[PDB]
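What follows is a set of notes on a single structure, which appears directly below.
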Amino acid sequence: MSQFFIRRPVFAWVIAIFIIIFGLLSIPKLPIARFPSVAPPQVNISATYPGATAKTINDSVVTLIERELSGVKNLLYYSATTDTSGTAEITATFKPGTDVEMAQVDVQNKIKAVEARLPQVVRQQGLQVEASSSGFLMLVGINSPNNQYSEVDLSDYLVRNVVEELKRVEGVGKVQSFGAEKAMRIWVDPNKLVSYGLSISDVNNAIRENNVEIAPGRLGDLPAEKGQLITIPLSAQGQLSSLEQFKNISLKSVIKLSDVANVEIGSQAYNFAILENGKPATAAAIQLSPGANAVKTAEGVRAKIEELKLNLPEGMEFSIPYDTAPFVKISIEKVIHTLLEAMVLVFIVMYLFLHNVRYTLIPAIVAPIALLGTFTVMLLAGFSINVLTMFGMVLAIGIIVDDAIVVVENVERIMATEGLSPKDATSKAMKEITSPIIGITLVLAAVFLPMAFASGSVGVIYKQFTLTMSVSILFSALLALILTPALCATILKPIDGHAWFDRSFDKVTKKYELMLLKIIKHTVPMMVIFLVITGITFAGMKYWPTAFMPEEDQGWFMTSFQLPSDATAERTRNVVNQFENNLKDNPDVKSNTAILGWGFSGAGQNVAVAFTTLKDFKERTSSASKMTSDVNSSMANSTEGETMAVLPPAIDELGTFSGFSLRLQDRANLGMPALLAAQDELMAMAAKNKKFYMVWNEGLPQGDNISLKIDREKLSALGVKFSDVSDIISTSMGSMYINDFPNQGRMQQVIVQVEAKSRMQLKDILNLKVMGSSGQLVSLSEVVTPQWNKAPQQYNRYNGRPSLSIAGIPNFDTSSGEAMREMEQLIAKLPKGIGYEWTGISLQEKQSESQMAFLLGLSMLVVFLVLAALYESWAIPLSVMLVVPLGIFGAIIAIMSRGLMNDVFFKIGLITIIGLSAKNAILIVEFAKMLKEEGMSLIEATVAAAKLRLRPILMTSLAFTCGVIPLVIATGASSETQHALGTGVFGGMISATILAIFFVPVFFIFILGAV
Amino acid sequence: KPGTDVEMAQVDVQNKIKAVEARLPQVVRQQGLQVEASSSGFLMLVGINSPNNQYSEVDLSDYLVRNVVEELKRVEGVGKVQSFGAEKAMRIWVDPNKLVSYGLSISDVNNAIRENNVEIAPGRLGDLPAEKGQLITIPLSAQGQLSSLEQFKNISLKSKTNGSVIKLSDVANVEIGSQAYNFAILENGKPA
Amino acid sequence: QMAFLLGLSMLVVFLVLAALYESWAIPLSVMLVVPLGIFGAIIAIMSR
């Protein structure tokens, strides 16, 4: 009971101070991210076959792992993709909830098992098994305006002095060096080689022999002759270092390497380059750690940057062309200011409505307590301060201050119209509202929790909001039972000080009472208009575009350039430079970087990414959406290749609204051409159908490949061994490695490779003569036939079946399940041996996303049971439960007046307003029943209860509305989400208060007259 | 112990064997140590038979290990699928009498197959570092693997003492059998 | 962290005391005895 606490107020004070101490001790120890982990744990295997047709890599380095990687702990689905450049990556997504680490080790064990069947090169290159964080933490770039250091010098200095040093930093996961350390590049020349009668094996063995480390040996190594005293670790030195040293190796009369091969200090590989403001420079792509925060780690990396900025040589300069931490910090700090403004607005309206500060120090002293508690529980449950949880708190503040308001207001009303002492008045008020508050706690839980069990990323999104607000309202009501009684018993002083607002209030209350009477004279037309509102609510709810986490202006945007399938880097460089020159004329573009040769859809020589960032919102003259549209339009012309700019994704796997991702896979070994033709047929049959919106593929189009048929007959005739021809080809253009060599105190590499000027055209392959057995040497042309063909370069596997990705989003008037079954029906027409399988979000929306109706049913049942137990009557609960359409009415009317979508934020605000409306209705009908139990006529008992409940309802309503109004008028960074949550909650509040105040007593009269 | 977390215990075993994975013979290491939370009895025993005898047991064998096992392991619930039948494989039944008759050793046949069936990879002509003026880059390729009995039987083989260049079909019956003939299956007396 | 363990422990005892005897003076009188115990403790340690 609350009476006890009242008599022992210092007890409650302590119950509060303990919560306070725990919260102030718990806040600084909480991970501070923007959005929590939503994607399932994707263990990403990576393998590289340096220089092989994608079709060979798939059939040789992916089929094995495919046949073996399976049955591991809770593996949900595993996909694989082999690109042009010879890289095959396999994303295995496990069952939700599982741990990435243990399962990753499992995958490691499985991979270790198939290490033999793997070709030699793959084995020597290793099979990476990362944890797959798809978010680049930050780009640390290094440019030099003075041009004293070129692109290669810059990359060397980065990979030497900085990369290994950035990794020695708390929170860094992976540091992609988009460069390479200087390496002893040896460009051989096949013409002079053949002329000398040599071969690439000759030069390789010459290096590996004339350059080799030697095991040291320790003079006196035990056992030693009895007597020996002084030992010494005799070293040995056997790898050439200087350019000249390498340029003087006699192969087979004596012939120096400089005679047959040029030698220079190039790089390990020229895969990636980096343009920045036009200036060629280098960069390093930081990759957050799988399980760390974001803002703290990135700020620590910036500190590490400011530390390394001192020893930076002359000419160089550091830069951060992409940084996500400041936006995260601004968002969180923005939400926190919203909490503070909401609390101060509650304080203000409380002073306005209760006439003195003695009453305002009640919800201002209790609300923080509750919030503090929530923080503690968030720690003890593994949560993390983020926009989700913080929006939950700011959405819960209304309910919290509502309970506080109810208590204090009732204590005041009693203290004014009874002439009681604050202690006795509070005692009486708690006697009358001790139980309804418990019913409130139960119904709140029954509308919050049973909506926290849906599966999927969206399920986790919900879980955050739900668990945070539920723990907050539980603490709020527990406080309302423990502390507030003590507050209203001790802190409150007898009301004596009289402010011309009293007249206005009494006057409008009497007007409402008369109006109410006039309304309950027409219960049946009231019911009519109520069903009209319910229908209008259902209409807006079923005929509105549903979305997920709408877009925003994060300050930057990613422009991906995808050239044809046979283009060269230079082409890509031309496109990126044209894009850069197009963006030069804007004032909003602050920094513009471009990774020439990398791509989130796989690496290559025809793919580029440009992370263009804009200035802060303070000094902008356009929005990121307008800028991206301008970029797209300006790109669609004047250049070539699909170069499109795209806004950052709100959350992982949450960019396109309901863009179901399907995989058309084979099941009868139909072969790639048949599968491709069937997919084109399905794409046609889908473009021809309604209820769709731009069905499109995801794999690159076909590619021009070159198949070199080797005439064995001619080989055995002329006598050359097949091995010789094979080796000549594989060593004609393959970036072969040999061993290490010391230079500048580092162990750099020495790579042998045919000089680029002699391995570009196809005709050059013909100059690759080979010594024949008949005393002559034959050109490779007379034995190989180059046959062109068009084969798919992008190879894809899904659940061990050759598959093709197909993504699409449904139009208006179409739900998600309708589009799913529409696609199902469309694929069931395809020829035999062609199955389908959804994936990721699309998949979740089929397996366990028909639970929303089930969950809502569970919630409604529990709400009915709780109310029924609260009133011991099977008729009253329906009165309160009928308050849903009002709250929704407000939400929809608001969502329409601004044009937002039915996004998850709108739904959680809907839950918050539904809860508050149920609260209002509960208290109204409870006081009505109480007055009805004392012989007072229901016709006037209900009216009197409403007349009494008017002040707290308007009080709490105005408080919450004014407190969330910033979320509605917010401007600046991250204001989008603020809007998507404030418009809904604001309209909901408006309709809830203005409609419930009238309908809830009308509902009570209707129900109690119905029996 | 009964009721112990099988996952963490499997992890413990993985850790303990890690400390012993560097001492095992090289073959053992490069053959893998498959550590799995196991079971004793088969849940069920899926099989494929051929009542019309249109397919020999070897043909039925490959089908299950090339279009079933991989697709049956994904079923929620399938922990392991042990295939009592081996995938098809090009078998070279050499004849040591003829091997000696020409002067060769099985090591030689092994080298001839490894060389006339070599795997090549040219990469992609026009790869970085590109030359001033490169706007095309077709990913060329080389094919050096045999796919049919005809190509395997005609594999050259230098004759050690005499000089005659013989084919593989001279010293070895080349045919397609199963990888390993370890297990067989009798379903109701019929081979399957 | 020897200061926070004595700062937090002392505060916990004070809070519990105030809850138990519904006053702010009684827990002060109870807390005022801690330095005497620490006094002897320090005396014993220095002497030994």
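Ordering of the structure tokens sets the chain letters (A, B, ...); residue numbers start at 1 within each chain; ligands are numbered from 1 in the order shown.
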Margin query: Neighbouring residues of stretch 85-101 of chain B were defined as those with any atom within 10 Å, considering only C-alpha atoms; residues of the same chain fewer than 6 positions away were excluded. Please report them as a ChimeraX atom specification.
Written below: /B:57-66,108-110,113,147-149,152-153,159-161,168-185,192
Residues from last step as file, N, CA and C atoms, as a compact mmCIF listing (two decimals), in the first residue's frame:
# COMPACT_ATOMS: atom_id res chain seq x y z
N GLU B 57 24.08 -49.42 -59.94
CA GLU B 57 24.22 -48.88 -58.59
C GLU B 57 25.13 -47.67 -58.57
N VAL B 58 26.16 -47.66 -59.42
CA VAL B 58 27.08 -46.53 -59.46
C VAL B 58 26.36 -45.27 -59.92
N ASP B 59 25.45 -45.40 -60.89
CA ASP B 59 24.71 -44.23 -61.36
C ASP B 59 23.77 -43.72 -60.28
N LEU B 60 23.14 -44.63 -59.55
CA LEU B 60 22.24 -44.24 -58.47
C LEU B 60 23.08 -43.55 -57.41
N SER B 61 24.27 -44.08 -57.19
CA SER B 61 25.19 -43.53 -56.19
C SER B 61 25.45 -42.04 -56.40
N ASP B 62 26.01 -41.70 -57.55
CA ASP B 62 26.34 -40.31 -57.86
C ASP B 62 25.16 -39.35 -57.70
N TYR B 63 23.98 -39.76 -58.15
CA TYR B 63 22.79 -38.92 -58.08
C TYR B 63 22.53 -38.40 -56.66
N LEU B 64 22.63 -39.29 -55.68
CA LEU B 64 22.38 -38.93 -54.28
C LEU B 64 23.47 -38.03 -53.69
N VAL B 65 24.68 -38.13 -54.22
CA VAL B 65 25.80 -37.34 -53.72
C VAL B 65 26.08 -36.11 -54.58
N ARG B 66 25.22 -35.85 -55.56
CA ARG B 66 25.41 -34.70 -56.44
C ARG B 66 24.15 -33.86 -56.60
N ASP B 108 54.97 -42.22 -62.99
CA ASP B 108 55.00 -41.61 -64.30
C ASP B 108 53.58 -41.34 -64.78
N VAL B 109 52.72 -42.35 -64.69
CA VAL B 109 51.33 -42.15 -65.10
C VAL B 109 50.71 -41.01 -64.32
N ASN B 110 51.09 -40.91 -63.05
CA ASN B 110 50.61 -39.84 -62.18
C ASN B 110 51.06 -38.49 -62.73
N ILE B 113 49.24 -37.59 -66.07
CA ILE B 113 47.88 -37.10 -65.86
C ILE B 113 47.94 -35.69 -65.28
N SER B 147 37.78 -33.90 -70.24
CA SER B 147 36.45 -34.15 -69.73
C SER B 147 35.84 -35.48 -70.16
N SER B 148 36.45 -36.20 -71.09
CA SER B 148 35.85 -37.41 -71.63
C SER B 148 36.89 -38.51 -71.71
N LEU B 149 36.41 -39.75 -71.69
CA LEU B 149 37.29 -40.92 -71.75
C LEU B 149 38.25 -40.85 -72.94
N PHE B 152 41.23 -38.83 -72.14
CA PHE B 152 42.04 -39.47 -71.12
C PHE B 152 42.83 -40.65 -71.68
N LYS B 153 42.21 -41.40 -72.58
CA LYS B 153 42.85 -42.55 -73.19
C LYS B 153 43.99 -42.13 -74.11
N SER B 159 57.86 -43.42 -73.50
CA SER B 159 58.28 -44.77 -73.15
C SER B 159 59.76 -44.72 -72.77
N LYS B 160 60.02 -44.98 -71.49
CA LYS B 160 61.36 -44.93 -70.86
C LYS B 160 62.62 -45.49 -71.56
N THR B 161 62.57 -46.72 -72.07
CA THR B 161 63.76 -47.36 -72.63
C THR B 161 63.81 -47.28 -74.15
N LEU B 168 47.77 -43.47 -72.85
CA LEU B 168 47.45 -43.98 -71.52
C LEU B 168 46.66 -45.27 -71.62
N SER B 169 45.84 -45.41 -72.66
CA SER B 169 45.07 -46.63 -72.83
C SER B 169 45.94 -47.84 -73.11
N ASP B 170 47.23 -47.66 -73.36
CA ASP B 170 48.11 -48.80 -73.56
C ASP B 170 48.48 -49.47 -72.25
N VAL B 171 48.66 -48.70 -71.18
CA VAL B 171 49.08 -49.24 -69.89
C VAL B 171 47.97 -49.23 -68.86
N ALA B 172 46.76 -48.83 -69.23
CA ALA B 172 45.74 -48.65 -68.21
C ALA B 172 44.36 -48.68 -68.84
N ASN B 173 43.47 -49.45 -68.23
CA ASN B 173 42.05 -49.40 -68.57
C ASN B 173 41.46 -48.15 -67.93
N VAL B 174 41.04 -47.20 -68.75
CA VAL B 174 40.42 -45.97 -68.28
C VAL B 174 38.92 -46.15 -68.29
N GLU B 175 38.27 -45.86 -67.17
CA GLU B 175 36.83 -46.01 -67.08
C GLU B 175 36.27 -45.16 -65.95
N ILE B 176 34.96 -44.93 -65.99
CA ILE B 176 34.31 -44.13 -64.97
C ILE B 176 33.71 -45.07 -63.93
N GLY B 177 34.19 -44.96 -62.70
CA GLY B 177 33.64 -45.75 -61.62
C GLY B 177 33.25 -44.82 -60.49
N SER B 178 33.26 -45.32 -59.26
CA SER B 178 32.94 -44.48 -58.12
C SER B 178 34.26 -44.08 -57.45
N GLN B 179 34.27 -42.97 -56.72
CA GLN B 179 35.48 -42.53 -56.04
C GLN B 179 36.07 -43.69 -55.27
N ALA B 180 35.34 -44.18 -54.28
CA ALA B 180 35.76 -45.30 -53.47
C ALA B 180 34.62 -46.29 -53.37
N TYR B 181 34.95 -47.58 -53.43
CA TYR B 181 33.95 -48.64 -53.41
C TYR B 181 33.68 -49.17 -52.01
N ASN B 182 33.85 -48.33 -50.99
CA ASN B 182 33.72 -48.79 -49.62
C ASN B 182 32.39 -49.46 -49.33
N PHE B 183 31.28 -48.74 -49.47
CA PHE B 183 29.99 -49.23 -49.04
C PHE B 183 29.10 -49.59 -50.22
N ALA B 184 28.20 -50.54 -49.98
CA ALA B 184 27.14 -50.88 -50.92
C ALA B 184 25.83 -50.95 -50.15
N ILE B 185 24.72 -50.94 -50.87
CA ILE B 185 23.41 -50.95 -50.24
C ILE B 185 22.53 -52.00 -50.91
N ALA B 192 21.14 -50.85 -54.49
CA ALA B 192 20.63 -49.49 -54.52
C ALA B 192 21.63 -48.60 -53.79
Notebook entry, point to check: For chain A against chain B, which residues fall within 7 Å using only C-alpha atoms, given as an MDAnalysis selection string?
Noted result: chainID A and resid 50:53 67 70:71 112:113 115:116 270:271 566:568 571 704:710 722:723 726 729:730 732:734 756:757 759:761 800
Next item on the list: Do a neighbour search on stretch 17-33 of chain C at 12 Å with only C-alpha atoms, toss out local chain neighbours closer than 4 positions, and write the hits as a ChimeraX atom specification.
Entry: /A:5-18 /C:7,9-13,37-40
Next item on the list: Give me every alpha helix (DSSP H) residue in chain C, going by DSSP on the backbone, as a ChimeraX atom specification.
Entry: /C:2-21,26-31,34-47
Contacts of residue A:656 within 12 Å, only C-alpha atoms, excl. fewer than 2 positions in-chain, as a short mmCIF file (atom, residue, chain, number, x, y, z; two decimals) with C-alpha atoms, in the first residue's frame:
data_model
loop_
_atom_site.label_atom_id
_atom_site.label_comp_id
_atom_site.auth_asym_id
_atom_site.auth_seq_id
_atom_site.Cartn_x
_atom_site.Cartn_y
_atom_site.Cartn_z
CA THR A 546 3.76 1.46 -45.54
CA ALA A 547 7.49 2.12 -45.21
CA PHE A 548 10.42 1.28 -42.93
CA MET A 549 12.65 3.93 -41.35
CA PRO A 550 12.24 6.77 -43.86
CA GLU A 551 15.11 8.61 -45.49
CA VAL A 646 22.30 7.07 -53.50
CA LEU A 647 21.48 8.42 -50.07
CA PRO A 648 22.86 6.52 -47.08
CA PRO A 649 20.59 3.73 -45.85
CA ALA A 650 18.63 4.61 -42.70
CA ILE A 651 19.43 1.19 -41.10
CA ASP A 652 21.02 -2.06 -42.35
CA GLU A 653 18.81 -3.91 -44.83
CA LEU A 654 16.39 -1.00 -44.53
CA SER A 658 9.51 -3.38 -49.01
CA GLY A 659 11.80 -4.26 -51.99
CA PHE A 660 11.35 -8.06 -51.64
CA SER A 661 14.59 -9.82 -52.67
CA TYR A 693 7.11 -1.35 -59.43
CA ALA A 807 14.68 -7.37 -56.33
CA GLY A 808 11.43 -5.45 -56.50
CA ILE A 809 9.12 -3.12 -54.51
CA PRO A 810 5.27 -3.21 -54.77
CA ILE A 841 13.92 -9.07 -45.13
CA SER A 842 11.76 -10.54 -47.94
#
Next item on the list: Grab the atom CA of residue A:561 to atom CA of residue A:608 distance for me, in Å with one decimal place.
Entry: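 Those two atoms sit 5.0 Å apart.
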Notebook entry, point to check: So what do you get for atom CA of residue A:643 versus atom CA of residue A:278, distance-wise?
Noted result: 17.8 Å
Margin query: Just want the 10 Å neighbourhood of stretch 469-476 of chain A, counted on only C-alpha atoms, with same-chain residues fewer than 6 positions away dropped. Output as a ChimeraX atom specification.
Written below: /A:19,366-375,377-378,389-404,438,440-442,444-449,452,463,482,912
Those same residues, written as a compact mmCIF listing (two decimals), in the first residue's frame with N, CA and C atoms?
# COMPACT_ATOMS: atom_id res chain seq x y z
N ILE A 19 17.85 4.69 -6.46
CA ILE A 19 17.68 4.66 -7.91
C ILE A 19 18.56 5.72 -8.56
N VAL A 366 10.14 13.45 -9.96
CA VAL A 366 9.83 12.04 -10.16
C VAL A 366 10.20 11.53 -11.55
N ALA A 367 9.91 12.31 -12.58
CA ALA A 367 10.20 11.90 -13.95
C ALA A 367 11.67 11.52 -14.14
N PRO A 368 12.60 12.35 -13.63
CA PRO A 368 14.00 11.95 -13.80
C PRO A 368 14.29 10.63 -13.11
N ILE A 369 13.74 10.41 -11.93
CA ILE A 369 13.96 9.16 -11.21
C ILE A 369 13.67 7.97 -12.13
N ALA A 370 12.47 7.96 -12.69
CA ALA A 370 12.04 6.90 -13.60
C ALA A 370 13.03 6.73 -14.74
N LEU A 371 13.33 7.82 -15.43
CA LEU A 371 14.27 7.79 -16.55
C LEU A 371 15.59 7.18 -16.11
N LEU A 372 16.08 7.61 -14.95
CA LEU A 372 17.34 7.09 -14.42
C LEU A 372 17.26 5.57 -14.30
N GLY A 373 16.16 5.09 -13.72
CA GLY A 373 15.95 3.67 -13.56
C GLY A 373 16.07 2.94 -14.89
N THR A 374 15.39 3.47 -15.90
CA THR A 374 15.41 2.89 -17.23
C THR A 374 16.85 2.70 -17.69
N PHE A 375 17.69 3.70 -17.43
CA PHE A 375 19.10 3.61 -17.81
C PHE A 375 19.77 2.41 -17.15
N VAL A 377 18.41 -0.37 -15.99
CA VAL A 377 17.92 -1.61 -16.57
C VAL A 377 18.53 -1.81 -17.96
N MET A 378 18.65 -0.73 -18.74
CA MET A 378 19.28 -0.82 -20.05
C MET A 378 20.69 -1.36 -19.93
N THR A 389 16.21 3.75 -28.26
CA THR A 389 15.94 3.79 -26.83
C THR A 389 15.63 5.20 -26.33
N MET A 390 16.34 6.19 -26.86
CA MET A 390 16.13 7.58 -26.44
C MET A 390 14.78 8.09 -26.93
N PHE A 391 14.41 7.77 -28.17
CA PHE A 391 13.06 8.07 -28.63
C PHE A 391 12.02 7.37 -27.78
N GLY A 392 12.34 6.16 -27.32
CA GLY A 392 11.45 5.48 -26.40
C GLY A 392 11.25 6.27 -25.12
N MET A 393 12.34 6.74 -24.54
CA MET A 393 12.24 7.54 -23.32
C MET A 393 11.42 8.80 -23.56
N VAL A 394 11.74 9.55 -24.60
CA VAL A 394 11.02 10.79 -24.86
C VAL A 394 9.54 10.53 -25.18
N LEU A 395 9.25 9.33 -25.67
CA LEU A 395 7.88 8.92 -25.97
C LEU A 395 7.20 8.46 -24.68
N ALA A 396 8.00 8.01 -23.71
CA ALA A 396 7.48 7.54 -22.44
C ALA A 396 7.33 8.65 -21.42
N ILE A 397 8.08 9.74 -21.61
CA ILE A 397 8.02 10.87 -20.70
C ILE A 397 6.58 11.32 -20.49
N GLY A 398 5.78 11.26 -21.55
CA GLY A 398 4.39 11.66 -21.45
C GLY A 398 3.63 10.84 -20.42
N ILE A 399 3.77 9.52 -20.51
CA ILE A 399 3.10 8.61 -19.59
C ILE A 399 3.59 8.80 -18.16
N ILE A 400 4.91 8.93 -18.01
CA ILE A 400 5.53 9.14 -16.72
C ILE A 400 4.91 10.36 -16.06
N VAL A 401 5.07 11.52 -16.69
CA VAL A 401 4.49 12.74 -16.15
C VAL A 401 2.98 12.62 -16.04
N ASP A 402 2.36 11.71 -16.80
CA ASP A 402 0.92 11.51 -16.67
C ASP A 402 0.58 10.90 -15.32
N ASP A 403 1.29 9.84 -14.94
CA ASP A 403 1.06 9.24 -13.62
C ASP A 403 1.34 10.25 -12.51
N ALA A 404 2.46 10.96 -12.62
CA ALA A 404 2.76 12.00 -11.64
C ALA A 404 1.65 13.03 -11.56
N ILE A 438 -2.50 0.29 -10.72
CA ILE A 438 -2.02 -1.07 -10.99
C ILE A 438 -2.63 -1.58 -12.29
N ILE A 440 -3.45 0.22 -14.70
CA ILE A 440 -2.78 0.98 -15.74
C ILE A 440 -1.46 0.30 -16.09
N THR A 441 -0.72 -0.11 -15.06
CA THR A 441 0.55 -0.79 -15.26
C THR A 441 0.37 -2.08 -16.04
N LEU A 442 -0.69 -2.83 -15.74
CA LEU A 442 -0.95 -4.08 -16.43
C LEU A 442 -1.37 -3.85 -17.87
N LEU A 444 -0.78 -1.23 -19.76
CA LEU A 444 0.35 -0.64 -20.46
C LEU A 444 1.27 -1.77 -20.90
N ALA A 445 1.56 -2.67 -19.97
CA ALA A 445 2.39 -3.83 -20.28
C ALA A 445 1.74 -4.69 -21.37
N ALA A 446 0.43 -4.87 -21.29
CA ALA A 446 -0.28 -5.71 -22.25
C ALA A 446 -0.36 -5.09 -23.63
N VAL A 447 -0.09 -3.80 -23.75
CA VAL A 447 -0.13 -3.14 -25.09
C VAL A 447 1.30 -2.92 -25.56
N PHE A 448 2.28 -2.98 -24.65
CA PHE A 448 3.67 -2.78 -25.03
C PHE A 448 4.43 -4.07 -25.31
N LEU A 449 4.42 -4.97 -24.33
CA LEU A 449 5.13 -6.27 -24.37
C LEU A 449 4.62 -7.13 -25.54
N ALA A 452 6.29 -6.79 -28.63
CA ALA A 452 7.74 -6.87 -28.59
C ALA A 452 8.28 -8.25 -28.96
N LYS A 463 11.61 -4.35 -30.35
CA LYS A 463 12.06 -4.79 -29.03
C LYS A 463 12.75 -3.67 -28.27
N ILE A 482 5.22 4.49 -4.73
CA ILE A 482 6.15 4.63 -3.61
C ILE A 482 6.51 6.05 -3.18
N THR A 912 2.28 4.38 -28.25
CA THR A 912 2.38 5.31 -27.13
C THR A 912 1.08 6.08 -26.92
Check: Looking at only C-alpha atoms, which of C:15, C:8, C:45, C:2 is the one that sits closest to chain A?
Finding: C:15
Next item on the list: Please run DSSP on the backbone and report, as number ranges by chain, all residues within stretch 117-268 of chain A that come out as strand (DSSP E).
Entry: A: 128-130, 136-143, 172-177, 182-188, 261-267
Would you output that residue set with C-alpha atoms, as a PDB file, in the first residue's frame?
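Once everything was written out, this is out.pdb:
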ATOM      1  CA  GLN A 128      39.661 -15.041 -44.918  1.00  0.00           C
ATOM      2  CA  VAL A 129      36.812 -15.511 -42.450  1.00  0.00           C
ATOM      3  CA  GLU A 130      35.731 -12.047 -41.292  1.00  0.00           C
ATOM      4  CA  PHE A 136      33.055   1.760 -43.240  1.00  0.00           C
ATOM      5  CA  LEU A 137      33.862   3.417 -39.916  1.00  0.00           C
ATOM      6  CA  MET A 138      35.802   6.336 -41.385  1.00  0.00           C
ATOM      7  CA  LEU A 139      38.147   7.079 -44.210  1.00  0.00           C
ATOM      8  CA  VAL A 140      41.563   8.347 -43.175  1.00  0.00           C
ATOM      9  CA  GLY A 141      43.081   9.916 -46.315  1.00  0.00           C
ATOM     10  CA  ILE A 142      46.571  11.286 -46.911  1.00  0.00           C
ATOM     11  CA  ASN A 143      47.122  13.895 -49.663  1.00  0.00           C
ATOM     12  CA  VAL A 172      39.249  -0.581 -34.701  1.00  0.00           C
ATOM     13  CA  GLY A 173      38.252  -3.814 -36.427  1.00  0.00           C
ATOM     14  CA  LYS A 174      39.752  -3.987 -39.910  1.00  0.00           C
ATOM     15  CA  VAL A 175      41.916  -1.395 -41.689  1.00  0.00           C
ATOM     16  CA  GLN A 176      41.716  -1.755 -45.462  1.00  0.00           C
ATOM     17  CA  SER A 177      44.907  -0.217 -46.831  1.00  0.00           C
ATOM     18  CA  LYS A 182      56.625  -0.422 -52.342  1.00  0.00           C
ATOM     19  CA  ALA A 183      57.588  -3.731 -53.937  1.00  0.00           C
ATOM     20  CA  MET A 184      60.421  -4.814 -56.209  1.00  0.00           C
ATOM     21  CA  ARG A 185      58.295  -5.033 -59.352  1.00  0.00           C
ATOM     22  CA  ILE A 186      60.162  -6.910 -62.082  1.00  0.00           C
ATOM     23  CA  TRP A 187      58.550  -6.404 -65.495  1.00  0.00           C
ATOM     24  CA  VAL A 188      59.890  -9.208 -67.691  1.00  0.00           C
ATOM     25  CA  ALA A 261      63.606  -7.551 -67.657  1.00  0.00           C
ATOM     26  CA  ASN A 262      62.982  -4.012 -66.492  1.00  0.00           C
ATOM     27  CA  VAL A 263      63.005  -3.555 -62.727  1.00  0.00           C
ATOM     28  CA  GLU A 264      61.422  -0.810 -60.647  1.00  0.00           C
ATOM     29  CA  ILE A 265      59.942  -0.215 -57.201  1.00  0.00           C
ATOM     30  CA  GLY A 266      56.200  -0.191 -57.870  1.00  0.00           C
ATOM     31  CA  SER A 267      53.484  -1.534 -55.541  1.00  0.00           C
TER      32      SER A 267
END
Margin query: Just the number, please: distance in Å from atom CA of residue A:517 to atom CA of residue A:407, one decimal.
Written below: 27.3 Å
